[PDB]
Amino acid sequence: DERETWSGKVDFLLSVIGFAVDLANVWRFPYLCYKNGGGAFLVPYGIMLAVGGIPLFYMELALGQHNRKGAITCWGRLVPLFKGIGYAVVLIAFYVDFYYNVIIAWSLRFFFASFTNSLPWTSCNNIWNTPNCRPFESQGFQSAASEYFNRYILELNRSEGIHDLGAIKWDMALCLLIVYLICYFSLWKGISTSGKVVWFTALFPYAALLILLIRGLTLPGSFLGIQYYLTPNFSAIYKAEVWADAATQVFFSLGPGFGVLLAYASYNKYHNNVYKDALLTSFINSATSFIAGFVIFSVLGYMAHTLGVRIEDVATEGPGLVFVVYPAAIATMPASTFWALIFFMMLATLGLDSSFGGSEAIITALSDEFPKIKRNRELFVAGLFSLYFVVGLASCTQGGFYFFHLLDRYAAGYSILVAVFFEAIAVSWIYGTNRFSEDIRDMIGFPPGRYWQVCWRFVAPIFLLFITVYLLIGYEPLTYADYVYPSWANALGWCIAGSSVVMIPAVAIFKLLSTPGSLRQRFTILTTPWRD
């Protein structure tokens, strides 16, 4: 039962760093600072990070290093009753792989489109333009970079909905194929290779962010953007919505209990100081977001100053920020081509390693439960990634964005919250904090302080619950621009969302009715950990 191990610590580290740090650090965090009181937003963010994210981040890492098994097997051994958690985590990782990768596909596309002396998204006098086009963002109009991304790259204008996918963009399907080719030849041999591919995919963003910080700061109006970014407004502290955005951001940006930190840590050495790893990584992740914030907003200010665009029209979130707003500014500065190529190469590498960790969560969680595939890795993941690409062709259609948007709002959003909720409950109340502290002490030599124990037991459930409730309060029937989804689209969405969580009681019911004795006796057995 002696499994493989990381061929060097840094591999594991960069793997965890890579997984944690993605486009969210760029296209979501700085917007939330802006929206919620600038520098003042760092307070609920920090506190939520200190008592919510990091404890959970830590917890899963320790669970990984301790049990030496993937999600399904680990949770099964931790608590036989709540083994379905492992399954719930694996399929969530499985669903996300269907849509998350297309973002990287868009990244490479722009990277290939930036091999020109004049970037194709500057002007409004192209074949794909409309009279509503203007050179930059403006209320009541569309921007040249928007119409490029929409009417040309996406050809979204030709779809009337999710029922009408339209034709297949073969320039896009190609990019998606390339993504999976990279994904395959990074993961097919396991951590012996992926532990090296992360040396590029996790380090390049810091190289890129650096020369972009420099380029962004040297631009006129940069300091104005810094003001929009971090001007304190402590009135936001009193707002519950700010604490909610802080909590949600911390959770999804660290991704604890997603079964990937678990997977990566399962390959660690038993007596490894995973505590230092949790702290170091967590910091680097948030530090990266902070850095990226200056990077984004220095350019945003330059736009609002030397291009005469309202700050309200440029300070956005999500793919709109990095596929439209930022390239729009890039194209106006000298050596535009250079900045364009590295910016796109960046958010490609920002996505790749995250995609690595997501898939590896699945493959690892499976090899530990089914020796059939552990013997046959390459074949399995070739079959898996092929399934990805085939279904992923739907994302490469003219209405591909509608498919992407549906999965992004249903597949993993709610499911992983109620999975990780049961994760915290099982660990801190069924398996016990005392037993967990004991495990950690055996590994790293010392037990967790009372701080971490109180957090895992009391703060963490309230944390996760405060978020789940929050996302449900602000629910709205799925829409995008003027396109409103049919009732059935939301129905199928909740099925995909529920196909995960349904594993929690389904297996609980299954293993309950699969053991002998009485009800109190069934529990006792399905409560006893594996080491017994």
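We number the residues from 1 along the sequence you see.
Undergrad: Look up the CA B-factors in the entry and say which stretch, 320 to 328 or 238 to 246, has the higher mean.
TA: Averaged over C-alpha atoms, the B-factors run higher in 238 to 246.
Undergrad: Among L280, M346, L352, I425, where is the Cα B factor highest in this entry?
TA: Highest C-alpha B-factor among the listed residues goes to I425.
Undergrad: Choose from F252, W75, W128, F258 the residue with the greatest Cα B-factor as stated in the PDB record.
TA: Highest CA B-factor of the listed options: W75.
Undergrad: Compare the C-alpha B factor of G301 with those of the other modelled residues in its chain, then answer lowest, middle or highest third.
TA: It falls in the middle third of the chain.
Undergrad: Just say lowest, middle or highest third for the CA B-factor of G46 relative to the other modelled residues in its chain.
TA: As the PDB entry reports it, the C-alpha B-factor of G46 lands in the lowest third of its chain.
Undergrad: Test of reading the entry: by CA B factor among the chain's modelled residues, which third contains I211?
TA: Middle third of the chain for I211's C-alpha B-factor.
Undergrad: Taking the C-alpha B-factors as the PDB entry records them, is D97 in the lowest, middle or highest third of its chain?
TA: For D97, whose C-alpha B-factor we compare with every modelled residue in the chain, the answer is the middle third.
Undergrad: Please say which third, lowest, middle or highest, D164 falls into when its CA temperature factor is compared across its chain.
TA: Middle third.
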